[PDB]
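Visitor: From first to last, the protein sequence lines are chains gJ, kJ, jJ, fJ, bJ and fI. Numbering-wise (the entry's author numbering), the first sequence opens with residue 1 and increments by one. Numbering-wise (the entry's author numbering), the second sequence opens with residue 1 and increments by one. Numbering-wise (the entry's author numbering), the third sequence opens with residue 1 and increments by one. Numbering-wise (the entry's author numbering), the fourth sequence opens with residue 1 and increments by one. Numbering-wise (the entry's author numbering), the fifth sequence opens with residue 1 and increments by one. Numbering-wise (the entry's author numbering), the sixth sequence opens with residue 1 and increments by one. Beta carbons: idealized from backbone N, C-alpha and C, even for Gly.
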Amino acid sequence: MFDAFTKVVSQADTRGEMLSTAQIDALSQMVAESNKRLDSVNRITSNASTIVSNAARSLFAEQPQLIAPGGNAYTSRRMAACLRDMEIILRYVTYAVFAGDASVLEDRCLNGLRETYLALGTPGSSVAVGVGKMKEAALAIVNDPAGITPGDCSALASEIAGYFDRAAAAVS
Amino acid sequence: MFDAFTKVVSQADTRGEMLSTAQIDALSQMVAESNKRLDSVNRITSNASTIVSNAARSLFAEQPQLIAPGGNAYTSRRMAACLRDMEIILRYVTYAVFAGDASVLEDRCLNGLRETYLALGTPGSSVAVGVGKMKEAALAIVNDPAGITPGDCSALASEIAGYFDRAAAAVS
Amino acid sequence: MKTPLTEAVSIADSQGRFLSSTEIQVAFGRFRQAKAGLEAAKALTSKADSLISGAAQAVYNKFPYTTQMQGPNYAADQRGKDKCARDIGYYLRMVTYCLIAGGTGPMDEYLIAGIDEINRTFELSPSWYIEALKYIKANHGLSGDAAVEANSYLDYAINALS
Amino acid sequence: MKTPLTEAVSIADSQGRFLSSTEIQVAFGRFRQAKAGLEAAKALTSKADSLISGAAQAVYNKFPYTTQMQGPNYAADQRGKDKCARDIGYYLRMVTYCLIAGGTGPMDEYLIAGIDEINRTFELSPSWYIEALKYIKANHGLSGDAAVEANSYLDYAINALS
Amino acid sequence: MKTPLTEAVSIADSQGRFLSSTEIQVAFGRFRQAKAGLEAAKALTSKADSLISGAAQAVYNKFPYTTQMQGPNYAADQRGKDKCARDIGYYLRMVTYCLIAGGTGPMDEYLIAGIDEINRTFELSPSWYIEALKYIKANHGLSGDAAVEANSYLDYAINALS
Amino acid sequence: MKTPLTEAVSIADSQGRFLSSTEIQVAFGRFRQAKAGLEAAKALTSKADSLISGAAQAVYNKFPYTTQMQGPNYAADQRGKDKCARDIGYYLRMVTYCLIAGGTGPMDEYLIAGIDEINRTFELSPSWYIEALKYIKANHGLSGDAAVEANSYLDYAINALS
Ligand SMILES: *[C@H](C)[C@H]1/C(=C/c2[nH]c(/C=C3N=C(/C=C4\NC(=O)C(CC)=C4C)C(C)=C\3CCC(=O)O)c(CCC(=O)O)c2C)NC(=O)[C@@H]1C
Ligand SMILES: *[C@H](C)[C@H]1/C(=C/c2[nH]c(/C=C3N=C(/C=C4\NC(=O)C(CC)=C4C)C(C)=C\3CCC(=O)O)c(CCC(=O)O)c2C)NC(=O)[C@@H]1C
Ligand SMILES: *[C@H](C)[C@H]1/C(=C/c2[nH]c(/C=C3N=C(/C=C4\NC(=O)C(CC)=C4C)C(C)=C\3CCC(=O)O)c(CCC(=O)O)c2C)NC(=O)[C@@H]1C
Ligand SMILES: *[C@H](C)[C@H]1/C(=C/c2[nH]c(/C=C3N=C(/C=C4\NC(=O)C(CC)=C4C)C(C)=C\3CCC(=O)O)c(CCC(=O)O)c2C)NC(=O)[C@@H]1C
Ligand SMILES: CCC1=C(C)/C(=C/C2=NC(=C\c3[nH]c(/C=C4\NC(=O)[C@H](C)[C@H]4CC)c(C)c3CCC(=O)O)/C(CCC(=O)O)=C2C)NC1=O
Ligand SMILES: CCC1=C(C)/C(=C/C2=NC(=C\c3[nH]c(/C=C4\NC(=O)[C@H](C)[C@H]4CC)c(C)c3CCC(=O)O)/C(CCC(=O)O)=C2C)NC1=O
Ligand SMILES: CCC1=C(C)/C(=C/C2=NC(=C\c3[nH]c(/C=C4\NC(=O)[C@H](C)[C@H]4CC)c(C)c3CCC(=O)O)/C(CCC(=O)O)=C2C)NC1=O
Ligand SMILES: CCC1=C(C)/C(=C/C2=NC(=C\c3[nH]c(/C=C4\NC(=O)[C@H](C)[C@H]4CC)c(C)c3CCC(=O)O)/C(CCC(=O)O)=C2C)NC1=O
Numbered sequence: 001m002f003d004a005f006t007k008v009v010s011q012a013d014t015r016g017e018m019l020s021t022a023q024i025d026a027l028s029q030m031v032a033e034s035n036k037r038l039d040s041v042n043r044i045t046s047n048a049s050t051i052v053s054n055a056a057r058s059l060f061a062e063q064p065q066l067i068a069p070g071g072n073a074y075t076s077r078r079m080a081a082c083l084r085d086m087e088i089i090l091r092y093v094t095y096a097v098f099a100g101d102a103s104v105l106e107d108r109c110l111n112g113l114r115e116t117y118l119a120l121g122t123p124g125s126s127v128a129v130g131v132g133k134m135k136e137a138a139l140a141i142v143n144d145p146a147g148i149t150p151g152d153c154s155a156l157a158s159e160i161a162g163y164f165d166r167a168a169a170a171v172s
Numbered sequence: 001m002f003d004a005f006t007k008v009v010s011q012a013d014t015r016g017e018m019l020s021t022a023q024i025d026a027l028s029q030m031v032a033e034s035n036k037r038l039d040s041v042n043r044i045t046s047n048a049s050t051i052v053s054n055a056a057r058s059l060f061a062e063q064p065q066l067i068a069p070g071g072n073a074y075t076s077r078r079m080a081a082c083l084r085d086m087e088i089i090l091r092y093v094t095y096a097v098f099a100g101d102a103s104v105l106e107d108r109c110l111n112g113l114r115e116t117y118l119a120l121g122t123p124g125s126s127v128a129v130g131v132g133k134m135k136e137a138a139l140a141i142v143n144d145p146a147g148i149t150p151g152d153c154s155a156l157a158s159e160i161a162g163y164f165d166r167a168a169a170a171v172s
Numbered sequence: 001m002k003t004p005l006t007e008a009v010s011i012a013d014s015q016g017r018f019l020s021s022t023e024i025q026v027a028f029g030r031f032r033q034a035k036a037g038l039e040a041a042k043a044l045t046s047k048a049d050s051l052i053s054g055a056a057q058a059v060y061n062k063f064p065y066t067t068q069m070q071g072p073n074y075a076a077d078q079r080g081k082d083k084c085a086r087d088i089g090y091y092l093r094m095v096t097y098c099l100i101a102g103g104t105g106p107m108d109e110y111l112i113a114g115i116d117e118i119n120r121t122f123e124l125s126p127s128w129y130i131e132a133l134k135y136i137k138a139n140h141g142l143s144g145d146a147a148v149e150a151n152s153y154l155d156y157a158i159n160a161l162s
Numbered sequence: 001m002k003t004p005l006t007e008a009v010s011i012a013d014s015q016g017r018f019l020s021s022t023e024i025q026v027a028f029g030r031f032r033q034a035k036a037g038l039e040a041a042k043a044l045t046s047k048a049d050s051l052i053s054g055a056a057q058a059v060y061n062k063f064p065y066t067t068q069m070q071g072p073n074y075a076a077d078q079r080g081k082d083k084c085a086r087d088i089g090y091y092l093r094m095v096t097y098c099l100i101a102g103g104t105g106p107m108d109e110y111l112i113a114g115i116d117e118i119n120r121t122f123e124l125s126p127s128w129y130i131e132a133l134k135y136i137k138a139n140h141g142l143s144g145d146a147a148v149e150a151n152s153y154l155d156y157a158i159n160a161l162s
Numbered sequence: 001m002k003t004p005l006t007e008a009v010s011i012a013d014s015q016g017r018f019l020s021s022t023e024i025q026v027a028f029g030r031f032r033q034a035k036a037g038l039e040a041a042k043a044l045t046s047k048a049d050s051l052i053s054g055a056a057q058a059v060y061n062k063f064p065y066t067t068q069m070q071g072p073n074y075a076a077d078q079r080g081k082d083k084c085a086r087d088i089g090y091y092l093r094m095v096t097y098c099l100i101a102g103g104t105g106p107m108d109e110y111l112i113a114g115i116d117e118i119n120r121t122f123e124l125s126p127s128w129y130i131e132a133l134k135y136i137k138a139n140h141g142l143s144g145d146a147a148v149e150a151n152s153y154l155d156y157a158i159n160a161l162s
Numbered sequence: 001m002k003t004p005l006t007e008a009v010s011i012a013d014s015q016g017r018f019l020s021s022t023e024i025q026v027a028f029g030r031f032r033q034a035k036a037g038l039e040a041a042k043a044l045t046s047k048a049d050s051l052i053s054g055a056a057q058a059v060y061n062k063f064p065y066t067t068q069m070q071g072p073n074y075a076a077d078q079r080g081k082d083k084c085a086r087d088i089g090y091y092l093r094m095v096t097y098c099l100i101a102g103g104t105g106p107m108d109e110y111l112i113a114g115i116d117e118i119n120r121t122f123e124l125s126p127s128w129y130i131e132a133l134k135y136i137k138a139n140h141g142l143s144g145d146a147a148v149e150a151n152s153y154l155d156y157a158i159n160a161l162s
């Protein structure tokens, strides 16, 4: 549970001194691009149900063993729980790119859910591939400027793909 | 639990039609003066501990029976609970003038605390006089401007004195 | 009723503390939002009747079977069209209410909270309402940041539907 | 750590929903705040050492007994003055941290949460720190809305003290 | 898994007592049920493939738009028909499983518990499955008390759908 | 090669006469143009690589299908991106060449004269190049009269495309 600003504050307090000037110029540029961060975040957020349905749509086209009887996502209840797990992961990705820090995504999902999927018998590979495909579709949905002014989303495609790869690797 | 805007929305939904134009001009003037309300609220909020200490200071100078042994606010624990009750009332006044509606002040204090003070044996008269003196001191602290751009706090003085009189009458 | 000032008061109340600078930041942000959002809500109020009829006609166009088959859920008869366009106007009115309130609270309390079981009991496909909301968000004709947040509310209704 | 973006994420997480327009209103408000608050924090960083010495001298001026009586809680000896001005600089650094963070979170987590029991155990009067914070909020020399919210944070520290 | 013997054991366990004559009454009743229900399940197993194809054809007949419009939820292409008739056979297999188990437990655990959110996410109308189950309960061709309780399970699936 | 001095010589040659004051007026005008145009061409030479990558990324952003579908005309694979950004740099280099030459001659001889049949034979949409040239003319960052005539050359390329 950290912001960007609280991250700089905690680092400056562990140093024990005041915040240096270059960190303040970095935070000024962050405050200039934080809305920029946000535009992707809102256009990412508005299409979330389409994102998770298309992600499960491609995943269960790709691995039909999960839909097959005896598969892990075969049962209707389990399949609803599967879509719930995916939607939760996407929501915490949107939270982490809202606050601009991966510590919220770590705190809320990562440390426990790997052991949860081991204990449940859930294959970590399929949900890792699903989070990867969902992240690819999310950047693909974010990067297209439909009715939006001309700007630069470079570094924020960098950050969003970082968050999605952190989620997919912590899942394993 | 209502705003000004949610109050107009609930009234327009009970009417069943859209919001009329004159209500929208009223809400536009509210949006113009809502900061005016916000500025007044902030100078009310910053001096809150001084307000409750001066209010109890004048009240226990005024009614020394409460400090007298056997009095309702005599015991150290009870006197701390007395100051806690006053600070709670001031805080919910600040919340109601933040949201611009008395429904939060009603919801959080009013319907129960009269019966609470009856059942406790708390004299409702002294706490009513204390809320009145606290409200008088609060408007007196708000209305003076020190290093602040000139503005009309007068529209608010009406509303803040309304909230304080509603609290003092619901206490009884 | 998830509106920003209400939820700020709920945060400060559940924490048990007074208001801080956080709620005042929330407030100058909310006033910044409302300063365009109220005029955008008035503009939607102006264009509302033609938007409702256009959404109903687009819904009849994409799903032509609903005009044809006999059934009280379908708008084949005239009372289906009256009730149908009534709930089109319901959706548009909730969009304007969330534009005034500044949050998704009014649609969440008046539309979303029971819409799934209602469409389950009444054999109403939610895709009809998705098509209508898509036509509205295409044809509302606003511009700029008001248009983006209007599309945000309509997309929120779409994601709550399906 | 009560900062606006963190508490917006906490609201959206405890509700179990996605982000809405409410959090974006919170965000444009927070950026509006930080757009002056970061430069004001840099200005306080510049004037910090003289403000610390002036606050310590004002505290010795209003409470002259602390310089006189022998006692390890009092700053009669030199180590009391080193530790004393160290916690003056602690208070000022927490003020700058809350100016950067945009909320009362850093002072609430680094100062406020245990200050009452510490002053109870160590025989430190909190009125000394109230006098020092009053001198700082008088002598910080900022202007405008940055000055008002700086005074807001310092007054919050004062109300948390006594 | 709401089957009669399982729920009798759950009653006796939650009460903390031994088995009584109540559970033995439940048992002679359950054996009375199974004495026809197992043969009826075998007869449904025999007629299953033609019932599945007839239900799919009746569903295409009542809802002809699903064969026409392009859409991955609709069975316009061939993979939609493979997956579609697969979930027809799923519904029929769950009916036979509840016929063997003697309670609505297998359909409640394999079908019902998530079907609403699945049809919400995938744009599947449940009325398609209602039409298919109605065709199955019309055309299963059983007779007598086995036919009545088969219709009971299918009507239970219908009421759980809409 | 429609450059002003060349076409002045062509006019005087086709008329069969010597040079007059008209060509000298053309010349002091051309020198007036080149006196800023050469430095503007050097500035475009400096910013060229980042402009090429930004134009390619904007083209992938507005037309996301070209990155996805398999096809040798589309830039799904890596060789499509190498060749693609190569013709982005081709367009930018022709813009700089016309900035130096002082007329639309170099782009007319190196790009325009066959571009229609090439895009016809190769299944290349010219709208991709229109989007890239629009991004370049938005992001070149020049100012003043050099910026206006740079936009003139880019708009000429756009009108020659579609
Ligand atoms: C689909 C992508 C993959 C998949 C998903 C799946 N998950 C479950 C069950 C659980 N998943 C969780 C995960 C979380 N709970 C949390 O609170 C959070 C963070 C906030 C996470 C990430 C938990 C706790 C469970 C068990 C309890 C429960 O109701 O859901 C299932 C069902 C297993 C079952 O037997 O019910 C499924 C199917 N599994 C797959 O097959 C895909 C690879
Ligand atoms: C990102 C993938 C693409 C992109 C985005 C982009 N946005 C801006 C600037 C603004 N975007 C907004 C949006 C909103 N402000 C709000 O309050 C809301 C409601 C929640 C929205 C939707 C606004 C208002 C700004 C700035 C202020 C204004 O526009 O009036 C920029 C440039 C400016 C900036 O950095 O903020 C950019 C680049 N542009 C692309 O090309 C990407 C594909
Ligand atoms: C001078 C300002 C006044 C004064 C100060 C004084 N304080 C102490 C001892 C402590 N002060 C603290 C306070 C903090 N620690 C923190 O980490 C923070 C926020 C970053 C604060 C505000 C603590 C924890 C102690 C105990 C630690 C310690 O003992 O060193 C002293 C030393 C006295 C002592 O032995 O305990 C002094 C002199 N006293 C005065 O007379 C001045 C008015
Ligand atoms: C990326 C910008 C877009 C894209 C481009 C693309 N073009 C080709 C193939 C050719 N492009 C040209 C264009 C020029 N040649 C020139 O000499 C000049 C002026 C100096 C221009 C503008 C030509 C002649 C070809 C054919 C030569 C060849 O085949 O290599 C490709 C390769 C596809 C191909 O086999 O033909 C690509 C990828 N395509 C996209 O998807 C981007 C939007
Ligand atoms: C959120 C809204 C809210 C309100 C308003 C509230 C009031 C409240 N005041 C109480 C006690 C009290 N309230 C008072 C206050 C007063 N008595 C006096 O003599 C004066 C007239 C007055 C001072 C203004 C006192 C002295 C007690 C202590 C009674 C006791 O402990 O026996 C109690 C009994 C439990 C306890 O304090 O610890 C409640 C529930 N509680 C709430 O949760
Ligand atoms: C949450 C942190 C925060 C605060 C505190 C804040 C206050 C604040 N009060 C303002 C204005 C003002 N505030 C007042 C208030 C008053 N004048 C009087 O004479 C009355 C007694 C009193 C009301 C009772 C007035 C009159 C103005 C004039 C400008 C305006 O209308 O906003 C403005 C306008 C912009 C500026 O001053 O730079 C700010 C910033 N803004 C913030 O972001
Ligand atoms: C304020 C928020 C709100 C909404 C959204 C709402 C929807 C709503 N639509 C209903 C029916 C209906 N809804 C539709 C709508 C349609 N059918 C079609 O074929 C068209 C595609 C579409 C036209 C938009 C129709 C025709 C009915 C009447 C069918 C019925 O008997 O239940 C009903 C049942 C009440 C009734 O039977 O009359 C509700 C509660 N009610 C509300 O209070
Ligand atoms: C054992 C109990 C059980 C049931 C009931 C079940 C249903 C089920 N049907 C699905 C899709 C589907 N369901 C249908 C069915 C139809 N669409 C039509 O147009 C026809 C009217 C109808 C033919 C019966 C089709 C065509 C799909 C594939 C569409 C998709 O991508 O999601 C999916 C998503 C999996 C996927 O995408 O392949 C589930 C979980 N799964 C289960 O495990």
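1. Residue ranges of each alpha helix (DSSP H) run of no fewer than 4 residues wholly in the segment 111–165 of chain kJ, ordered along the chain?
2. Does the beta carbon of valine 148/fJ fall short of 6 Å from some heavy atom of ligand 6?
3. Just to confirm my understanding: we take residue 171/jJ, look at its own chain, exclude 5 residues before and 5 after, and list those with CB closer than 7 Å. What are they?
4. With distance defined between alpha-carbon atoms, name the residue in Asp155/fJ, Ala76/fJ, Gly144/fJ nearest to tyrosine 129/fJ.
5. Determine whether the Cβ of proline 64/fI lies closer than 7 Å to any Cβ atom of chain gJ.
6. Is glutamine 25/fI helix, strand or coil by DSSP?
7. So, are the CB atoms of residue 163/jJ and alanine 48/jJ less than 7 Å apart?
8. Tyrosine 65/jJ to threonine 96/bJ, Cα distance in whole Å?
9. Any idea what DSSP makes of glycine 141/fI, helix, strand or coil?
10. Kindly list, in the order they appear in chain kJ, the residues whose Cβ is closer than 7 Å to that of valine 26/jJ.
11. Does DSSP put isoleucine 67/gJ in a helix, in a strand, or in coil?
12. Is there a Cβ from chain kJ that is less than 7 Å from the Cβ of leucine 38/jJ?
13. Answer with yes or no whether the minimum CB distance from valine 9/kJ to chain jJ is below 7 Å.
14. Can you find a C-beta in chain kJ that's less than 7 Å from the C-beta of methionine 69/jJ?
Guide: The relevant details are as follows:
1. 111–120, 124–143
2. Taking the first residue of the fourth sequence as position 1, residue 148/fJ is located at position 148. Within the cutoff, so yes.
3. Given that chain jJ is displayed from residue 1 to residue 162, the structure contains no residue 171/jJ and the question cannot be resolved.
4. Here residue 129/fJ corresponds to residue number 129 of the fourth sequence, with the count starting at 1. Of the candidates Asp155/fJ, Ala76/fJ, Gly144/fJ, the one whose C-alpha sits nearest the C-alpha of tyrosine 129/fJ is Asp155/fJ.
5. Here residue 64/fI refers to the residue found at position 64 when the sixth sequence is read from its first residue. Yes, because at least one Cβ of chain gJ sits closer than 7 Å to the Cβ of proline 64/fI.
6. Locating residue 25/fI in the sixth sequence gives position 25, where the first residue counts as 1. Residue state, collapsed to three classes: helix.
7. The structure shown does not extend to residue 163/jJ, since chain jJ is modelled only from 1 to 162, so the question has no answer here.
8. Position 65 of the third sequence holds residue 65/jJ. Position 96 of the fifth sequence holds residue 96/bJ. Taking the straight line joining both Cα atoms gives about 34 Å.
9. As a position in the sixth sequence, residue 141/fI is number 141, starting the count at 1. It is coil, neither helix nor strand.
10. Against the third sequence, residue 26/jJ aligns to sequence position 26. In chain order: nothing, as chain kJ lies at least about 10 Å away.
11. Here the question's residue 67/gJ lines up with position 67 in the first sequence. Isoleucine 67/gJ: coil per DSSP, three-state reduction.
12. Along the third sequence, one-based indexing puts residue 38/jJ at 38. Yes - at least one Cβ of chain kJ is within 7 Å of the one on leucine 38/jJ.
13. Looking up residue 9/kJ in the second sequence gives position 9. Closer than 7 Å: yes.
14. By 1-based counting over the third sequence, the position of residue 69/jJ is 69. It does not: the Cβ of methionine 69/jJ has no partner Cβ on chain kJ nearer than 7 Å.
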